[PDB]
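Worksheet: the structure to be examined is printed underneath.
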Amino acid sequence: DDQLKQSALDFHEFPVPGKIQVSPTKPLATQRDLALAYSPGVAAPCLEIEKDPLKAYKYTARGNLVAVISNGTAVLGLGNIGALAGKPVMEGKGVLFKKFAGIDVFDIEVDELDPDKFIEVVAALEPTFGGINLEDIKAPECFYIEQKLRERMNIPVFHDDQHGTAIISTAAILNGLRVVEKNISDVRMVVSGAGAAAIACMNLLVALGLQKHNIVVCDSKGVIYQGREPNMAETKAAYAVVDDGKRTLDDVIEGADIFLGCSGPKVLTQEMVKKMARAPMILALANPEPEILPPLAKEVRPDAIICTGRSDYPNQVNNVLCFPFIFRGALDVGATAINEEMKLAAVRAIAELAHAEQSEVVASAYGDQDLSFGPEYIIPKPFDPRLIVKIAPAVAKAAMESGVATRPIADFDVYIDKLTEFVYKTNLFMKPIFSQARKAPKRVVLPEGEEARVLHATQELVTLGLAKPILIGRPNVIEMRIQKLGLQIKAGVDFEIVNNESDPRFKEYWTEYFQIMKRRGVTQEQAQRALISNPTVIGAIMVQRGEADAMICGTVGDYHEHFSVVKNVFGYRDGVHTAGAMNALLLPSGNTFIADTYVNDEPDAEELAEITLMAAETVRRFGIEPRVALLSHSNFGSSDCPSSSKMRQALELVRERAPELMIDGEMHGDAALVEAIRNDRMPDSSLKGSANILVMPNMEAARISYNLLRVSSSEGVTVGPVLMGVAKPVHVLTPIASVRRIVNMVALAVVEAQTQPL
Amino acid sequence: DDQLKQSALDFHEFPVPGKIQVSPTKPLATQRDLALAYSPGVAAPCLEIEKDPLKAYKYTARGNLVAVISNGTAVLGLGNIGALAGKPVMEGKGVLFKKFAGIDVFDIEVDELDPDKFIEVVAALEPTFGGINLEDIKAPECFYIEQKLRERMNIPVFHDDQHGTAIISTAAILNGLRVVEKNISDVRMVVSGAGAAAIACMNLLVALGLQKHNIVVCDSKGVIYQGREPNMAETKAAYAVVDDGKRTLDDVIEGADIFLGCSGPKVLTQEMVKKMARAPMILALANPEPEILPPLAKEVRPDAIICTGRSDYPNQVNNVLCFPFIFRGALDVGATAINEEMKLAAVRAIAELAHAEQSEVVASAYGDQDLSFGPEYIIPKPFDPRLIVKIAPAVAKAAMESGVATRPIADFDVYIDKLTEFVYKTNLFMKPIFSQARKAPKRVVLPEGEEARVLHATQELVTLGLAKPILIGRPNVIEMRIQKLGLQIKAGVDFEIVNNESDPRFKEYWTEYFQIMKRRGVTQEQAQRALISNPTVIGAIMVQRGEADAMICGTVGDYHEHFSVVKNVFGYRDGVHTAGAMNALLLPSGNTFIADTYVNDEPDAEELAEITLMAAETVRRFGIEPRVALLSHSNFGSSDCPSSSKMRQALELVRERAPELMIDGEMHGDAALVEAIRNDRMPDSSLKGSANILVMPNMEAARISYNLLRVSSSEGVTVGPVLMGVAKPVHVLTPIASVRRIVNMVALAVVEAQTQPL
Amino acid sequence: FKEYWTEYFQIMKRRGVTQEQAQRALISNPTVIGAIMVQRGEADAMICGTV
Ligand SMILES: CC(=O)SCCNC(=O)CCNC(=O)[C@H](O)C(C)(C)COP(=O)(O)OP(=O)(O)OC[C@H]1O[C@@H](n2cnc3c(N)ncnc32)[C@H](O)[C@@H]1OP(=O)(O)O
Ligand SMILES: CC(=O)SCCNC(=O)CCNC(=O)[C@H](O)C(C)(C)COP(=O)(O)OP(=O)(O)OC[C@H]1O[C@@H](n2cnc3c(N)ncnc32)[C@H](O)[C@@H]1OP(=O)(O)O
Ligand SMILES: NC(=O)c1ccc[n+]([C@@H]2O[C@H](COP(=O)([O-])OP(=O)(O)OC[C@H]3O[C@@H](n4cnc5c(N)ncnc54)[C@H](OP(=O)(O)O)[C@@H]3O)[C@@H](O)[C@H]2O)c1
Ligand SMILES: NC(=O)c1ccc[n+]([C@@H]2O[C@H](COP(=O)([O-])OP(=O)(O)OC[C@H]3O[C@@H](n4cnc5c(N)ncnc54)[C@H](OP(=O)(O)O)[C@@H]3O)[C@@H](O)[C@H]2O)c1
Ligand SMILES: [Mg+2]
Ligand SMILES: [Mg+2]
């Protein structure tokens, strides 16, 4: 716990406190715009809203924000710690809101511990938000707040902690009945636990068609029957059962077709599973520890379908399936609330998507797709790119038929086109790489073993279990620096040290290097010096001999001093005559790759075509459809310099060698990234949307552009420089490489080594 | 009004509604970070705040936001129109907050029309904000709200609409007494008007040292004396005077040393000024129309000092002097409120800055500096870059001595260094250009007169009075397109049309062109064709003949087809042998210029040195200190390609020819923009901070980098491409030029033509 | 070691040698060590090149 505690504490404490910030979306540097954006001109918009209140959407940005409001009464599993102490959780919830759907979130921690004032303040804050996600609140005051607001608010009010997880649970049950081959009106549902995210689920399931008399509710006290306490509170009498001696979970665990558990860990015992019914449908939503372990249920009864809230098992009940996309559906039409119709229109799109998987470009073999509608796959993945095109139009149509939509949409196809254009610019492709690497770690040698960044990265890799590292350097220096940095990695146990000043394999290593380079200017004495003073050579020989599977080098020195060694020892991949390096950037238009940043100073047309094909294949392996643009200062033949002609010839060669690849050129960068400019210049261009692969005419342009964009349009680091064309898994980094970049590159190298490391 | 109404309505209605947006400041695309940013890891930060509540500043971003809260009871001069209808004004106020100081603003329009619930909701919203700027609220409920909050809030509460303008008024009076040579305890102050931004000013002036019995208050009723109404409300009895027959403004206008007017236009008459005292000190803060016209006061009495709230006169009382910087001072220390000490510590820094002007790099002769402490200059300019270094440390020191500061600062010099680093990246240099151009418009010919963008720009230029335009094209097409676009410009009155198909000056024009180009491959017949089919040639001959002062061309066609004409007709400036083009970008590090984007395909070392010197001089004329970086894929001699050696030679030449210029190289782009990387590589580099001029080795790198940065790191448009080295004021644009870019370039050309157009 | 590699870096900082590269050179390149020794006056001459 201490290591994880320190990692989380330092996750955002040192560089900048917090996890979100407020940023403007429009520019302001001039005069005569203040005369219009302020008092002299701002009077005209105001008088329009006064005459037409409905015109507040054209001249303002009112309806796009959501409030995440808490009081800190039940902070995760920590309980009542206060509203202020719960700010990090609310901030992280807003982060998840923004990262998965693109929802602006204001996180508020009201200090009120009384309900009445809670509704007072939330109703006062009405004009600020288009929807209020109540979070970290006890019961049953939340229901009262939501009902009073919805009957007093002309704007959407949606407690997500109830209704969103209700939707996710309901969709996992409607599709589960298909697999178990049972009817909704004949199944028996048993629930052990009452709380905030249980009553909404029960209401949704009852409105789905399930009989109320077939539902049994419980808590820590036992079966919630009639005649248990003199003062038995509400939200428990509408679902209570008559007293027939039933008092515990096991009394109703027999014959239960569905078991929706949302309270308490370690509740279901092996005997209860043994005495359960056939084809169990267990929904153990408990996050810190589920009600029943999915490995434990599938052992005693292999016919059980388990839909947990954890990230370690499939069919994950994560609210990131609910609060991003359900709120996005509610907002995009401008509702007045999510009634049962919208709650069902959203629950049916999720279920339809879960049983209509059709591949459509995935991360090659990187990871584990296994997308087949069955027991192990009942709901869409937490960050499915398609869950904005299926939910938002569905909710908009439901609102149009329900009378709560204020501004109807006429042409839906344009709407889906706009939403898919929006979702094309988000792709978290490093998670499957990390998962695949964790599935089977490989041996990776790091020649710069004395570097502080490399030691930090080695600690992280050992903690995550991504690879088995081998460090080259002086043992005394490495141990002293590990102690100075306060790391927990130990030589020999966590990682292996190769002493470059002394090793029993010195003779074999330098003899092999001499045999490689004897007719390339290297004498035996020079080989002996190289196997002592050049760790890259040691690592390359190690890889070639099969004592390691991959190598990450280049954090010290110049790129070509490592690349020359790599090329000499490994050589090119079969059928390849050139190599290139690709760097990745996250721009507003999406993930963007820049090709040949480090290898070739001035490639010719054939080299450019080979680089383009390799880059397209590599990007395809990430799960991204390649869209290539050949860049030049000439815009579609406007210049006749030899560089532009070379780009045109490379385009012809690429078209000859790969007719299925999306590519155009030669063109300017803005035309490559902005579709409107390109459509103005070349209406019938084969390149659609924004290009994600930019191939440059020469080294200097590529490197200068990449450096300026990296320091200017900085939105995180994924991979780079990615080396292509070499016959072994190896990448050369740069001295400015960060710890996260090193870890990512090691994971990518492990994944490459797993599949025939050639 | 209709034209301004349409301009303001379309200012932000068509492209995107609204004027602000919410943007994150940290990246999120990976896994294993959700395990730390959320539930599994987010528990560790929460338990730390529970044990230590003061630790909420290290693990959260709590204290940086301000609420701008209104109820729409007095919207500017429109009165009571509602809270929702006042959203554009609040949004614009937040825009001004962010643009001048960098303050995050949440704009709220509460529908409550009752005070008690207003304090209820604002006190409920305490944990969201570090300060509440009450706006658009009547009196005296605001005082009650502020007092109750400050006595119930442990966080800063600062009604800016009272106290900030009180500070600005007080600073304009303390410095005014120096000019008028009078004592604060012996002056007579007369006020005609009671309102929100008058009682705070009176309180501040009384605490400054002025006697209460020397202050006279008035309203529409008249003198606020005792015994006027049976129920005379508060905030008027603490300053009322005894009844001696004084009932109107003129009864107390005699002998008044200071006249602070903040209510009503057209209040002071000529006779009142005639019967006033010597050295009048008039503060007419009325925004829509001042109490007395500054031109009217200075005529009857030339000894009067007037400090108005308008932008048409000096000594402007604009809250952009108050709410950005005073709130910044309050926030940067983490106060508990702005008491009199902070209110005075901020008012003394403003006064000290107003009478301690020392130039320190201004916009050359572009505009009107005239910074001399006198009657016409009593307060710092509304967007003075230095008003964050003088106010924030002053307020922090005042808080440290007052016991309201929670986290004291030890080393102040580091603090001022950080603040000046922050303020170095903001410079609104186009406003002085626009002002200087408006002072003396010039004749500017636009060869592409039939373009829709050019017609829109011509309409804007005529409206702003920046230049006298001359359009070249077919009159029928121009009139038909003007009618189709619905513009109000009329040929012959607003602008002059030159018909390229018929003009009585055809023979002289083509004869002059032939005389220029007879030994450069142009026959007489070719000259006759050129003076019909090439509008750029017509415009260039017009400029050379003195029938126009400048030309803006290039919105259609290729850059070099216009540049060749310009070079042939005009030639180089005396003492210059090469030309270059500079493009401007607004990056996170500040205004950034990229040199030689369009002229020279591959300049040599001497050409690069000349380009660098011209770019440095041009940037200096904008009011920006030039800091040049020579860019290459080689980092301080790491490569030996001819391009890197050329950059090194150019560096040596530049150092020889300009020893006073800040410059270094050759280096990578990231080292040029990020000081930490450069300090790591070259500790003793002469380049300090972030470079704002990037000189590129060849055309392709410059253009590709500029295009990618413009479409990716887009933060508005200022100028570009700026042509340097030509012997006449002319600029060649590109086909992708926007209307705003054309207007800006025309203004720059006018300013260049005003000063010896060579 | 520190004085030697610092002097070498001061000589070669604008010739493609970083501080880390200078530190590596003052360990793996005896010719550089001898040349710095001679330039510092701790030796009068150097004979190198047998390898
Ligand atoms: C994975 C890697 O390889 S990382 C790189 C590791 N780097 C190193 O190990 C470098 C350190 N080692 C070295 O530099 C060399 O092994 C040396 C110079 C010390 C010795 O190698 P060489 O002198 O060229 O020859 P050789 O391989 O025969 O070894 C000589 C050794 O045998 C000993 N020896 C002496 N006479 C004899 C003999 N007749 N027969 C065998 N050994 C003998 C020597 O004393 C010497 O001992 P030592 O090296 O343990 O001190
Ligand atoms: C600012 C600018 O200049 S924008 C560019 C404007 N462009 C133009 O004006 C192009 C339109 N004009 C033209 O192309 C030419 O003036 C032309 C071709 C029409 C005529 O010019 P030319 O034939 O070369 O010769 P010249 O200058 O002597 O003019 C001939 C005219 O004189 C007339 N003329 C005939 N005999 C004689 C004579 N003995 N003496 C004088 N004029 C005569 C012709 O009928 C003709 O009349 P018109 O041009 O009004 O119809
Ligand atoms: N979608 C999700 O991921 C999700 C959503 C909600 C909850 N959860 C998880 O579910 C658990 C409880 O959440 P909650 O909203 O129900 O909070 P809660 O109501 O505060 O706590 C669970 C409640 O269930 C009862 N309970 C406790 N232990 C029990 C046990 N062993 N057997 C039966 N009943 C027991 C108690 O009710 P009484 O005190 O009234 O007897 C207790 O108050 C937590 O682990 C939480 O993380 C997950
Ligand atoms: N810093 C600034 O730029 C700034 C700040 C504040 C105000 N102003 C300007 O000052 C004016 C008034 O603002 P305010 O806050 O005072 O609003 P206000 O109180 O709502 O309106 C002005 C008040 O002054 C009185 N008044 C009106 N006309 C008058 C006249 N001709 N002579 C004397 N008194 C008159 C009336 O008070 P009774 O109805 O009680 O008699 C009236 O209610 C507006 O033009 C406003 O824009 C500028
Ligand atoms: Mg929660
Ligand atoms: Mg105001």
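By order of appearance in the structure tokens: chains A, B, ..., then residues from 1 within every chain, and ligands from 1 in the order shown.
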
Problem set entry | Distance filter 12 Å around ligand 6, atoms: only C-alpha atoms and all ligand atoms, out as a PyMOL selection string | (chain A and resi 38-39) or (chain B and resi 68-79+86+89-94+96+133-138+159-162+164-165+195-197+286-288+318-320+322-323)

For this session: Go through region 194-232 of chain A and collect every residue that DSSP, computed from the backbone, puts in helix (DSSP H, G or I); the answer should be as a list in words.
Result: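 Residues of region 194-232 of chain A classed as helix (DSSP H, G or I): residues 196, 197, 198, 199, 200, 201, 202, 203, 204, 205, 206, 207, 208, 212, 213 and 214 of chain A.
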
Would you mind exporting N, CA and C atoms of the selected residues as a CSV table (one decimal), in the first residue's frame?
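Once written, out-v2.csv looks like this:
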```
chain,number,residue,atom,x,y,z
A,196,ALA,N,-27.7,4.0,-2.4
A,196,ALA,CA,-28.0,5.0,-3.4
A,196,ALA,C,-28.2,4.3,-4.8
A,197,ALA,N,-27.2,3.5,-5.2
A,197,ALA,CA,-27.3,2.9,-6.5
A,197,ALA,C,-27.9,1.5,-6.4
A,198,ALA,N,-29.0,1.4,-5.8
A,198,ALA,CA,-29.8,0.2,-5.8
A,198,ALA,C,-31.3,0.5,-6.1
A,199,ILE,N,-31.8,1.6,-5.5
A,199,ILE,CA,-33.3,1.9,-5.7
A,199,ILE,C,-33.5,2.3,-7.2
A,200,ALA,N,-32.6,3.0,-7.8
A,200,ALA,CA,-32.8,3.4,-9.2
A,200,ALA,C,-32.7,2.2,-10.1
A,201,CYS,N,-31.8,1.2,-9.8
A,201,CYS,CA,-31.7,0.0,-10.5
A,201,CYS,C,-33.0,-0.8,-10.4
A,202,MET,N,-33.6,-0.9,-9.2
A,202,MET,CA,-34.8,-1.6,-8.9
A,202,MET,C,-36.0,-0.9,-9.7
A,203,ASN,N,-36.1,0.4,-9.7
A,203,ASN,CA,-37.1,1.1,-10.4
A,203,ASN,C,-37.0,0.8,-11.9
A,204,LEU,N,-35.8,0.9,-12.5
A,204,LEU,CA,-35.6,0.6,-13.9
A,204,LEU,C,-36.0,-0.8,-14.2
A,205,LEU,N,-35.6,-1.8,-13.4
A,205,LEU,CA,-35.9,-3.2,-13.7
A,205,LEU,C,-37.4,-3.5,-13.5
A,206,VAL,N,-38.1,-2.8,-12.6
A,206,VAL,CA,-39.5,-3.0,-12.5
A,206,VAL,C,-40.2,-2.4,-13.7
A,207,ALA,N,-39.8,-1.2,-14.2
A,207,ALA,CA,-40.3,-0.6,-15.4
A,207,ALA,C,-40.0,-1.4,-16.6
A,208,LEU,N,-38.9,-2.2,-16.6
A,208,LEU,CA,-38.6,-3.1,-17.7
A,208,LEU,C,-39.7,-4.2,-17.9
A,212,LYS,N,-42.9,-7.0,-9.3
A,212,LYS,CA,-42.4,-6.5,-8.0
A,212,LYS,C,-42.4,-7.6,-6.9
A,213,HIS,N,-43.3,-8.5,-7.0
A,213,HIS,CA,-43.4,-9.6,-6.0
A,213,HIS,C,-42.3,-10.6,-6.1
A,214,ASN,N,-41.6,-10.6,-7.2
A,214,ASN,CA,-40.4,-11.5,-7.4
A,214,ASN,C,-39.1,-10.9,-7.0
```

For this session: Report as a PyMOL selection string which protein, DNA and RNA residues come within 7 Å of ligand 1, using only C-alpha atoms and all ligand atoms.
Result: chain A and resi 498-507+509+531-532+538

Problem set entry | Which of C:21, C:16, C:11, C:3 sits closest to chain B [using only C-alpha atoms] |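 Checking each candidate against chain B, we get C:16 as the closest.
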
For this session: Using only C-alpha atoms and all ligand atoms, determine which residues fall within 12 Å of ligand 2, then list them as a count of residues only.
Result: 47

Would you mind listing, for every residue of chain C within 9 Å of chain B, the two atoms forming the shortest contact and the distance between them in Å to one decimal, using only C-alpha atoms, sorted by chain and ascending residue number, as a tab-separated table?
```
residue	atom	partner	partner_atom	distance
C:12	CA	B:637	CA	9.0
C:13	CA	B:636	CA	7.4
C:14	CA	B:636	CA	5.0
C:15	CA	B:637	CA	4.3
C:16	CA	B:638	CA	3.6
C:17	CA	B:638	CA	7.1
C:18	CA	B:681	CA	6.5
C:19	CA	B:681	CA	7.8
```

Only N, CA and C atoms, please: the residues just picked out, written as an mmCIF file, in the first residue's frame.
```cif
data_model
loop_
_atom_site.group_PDB
_atom_site.id
_atom_site.type_symbol
_atom_site.label_atom_id
_atom_site.label_comp_id
_atom_site.auth_asym_id
_atom_site.auth_seq_id
_atom_site.Cartn_x
_atom_site.Cartn_y
_atom_site.Cartn_z
ATOM 1 N N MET C 12 34.714 21.806 -25.781
ATOM 2 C CA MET C 12 33.941 21.206 -26.867
ATOM 3 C C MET C 12 32.425 21.391 -26.744
ATOM 4 N N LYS C 13 31.957 22.331 -25.921
ATOM 5 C CA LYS C 13 30.517 22.451 -25.698
ATOM 6 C C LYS C 13 29.774 22.854 -26.967
ATOM 7 N N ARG C 14 30.355 23.742 -27.772
ATOM 8 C CA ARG C 14 29.746 24.134 -29.034
ATOM 9 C C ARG C 14 30.272 23.319 -30.208
ATOM 10 N N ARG C 15 30.833 22.140 -29.939
ATOM 11 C CA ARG C 15 31.260 21.211 -30.975
ATOM 12 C C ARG C 15 30.617 19.841 -30.779
ATOM 13 N N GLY C 16 29.377 19.818 -30.292
ATOM 14 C CA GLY C 16 28.606 18.593 -30.238
ATOM 15 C C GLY C 16 28.826 17.712 -29.030
ATOM 16 N N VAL C 17 29.453 18.217 -27.972
ATOM 17 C CA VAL C 17 29.764 17.416 -26.791
ATOM 18 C C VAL C 17 28.974 17.961 -25.607
ATOM 19 N N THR C 18 28.066 17.146 -25.078
ATOM 20 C CA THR C 18 27.359 17.488 -23.854
ATOM 21 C C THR C 18 28.224 17.160 -22.636
ATOM 22 N N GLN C 19 27.722 17.532 -21.456
ATOM 23 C CA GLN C 19 28.444 17.247 -20.218
ATOM 24 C C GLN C 19 28.555 15.747 -19.970
#
```

Problem set entry | All residues 12 Å or closer to residue 23 (chain C), only C-alpha atoms, same chain fewer than 5 positions away omitted, as a count of residues only | 17

Problem set entry | Among the residues A:298, A:740, A:310, A:32, the one that comes closest to ligand 3 [using only C-alpha atoms and all ligand atoms] |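 Of A:298, A:740, A:310, A:32, the one nearest ligand 3 is A:310, counting only C-alpha atoms and all ligand atoms.
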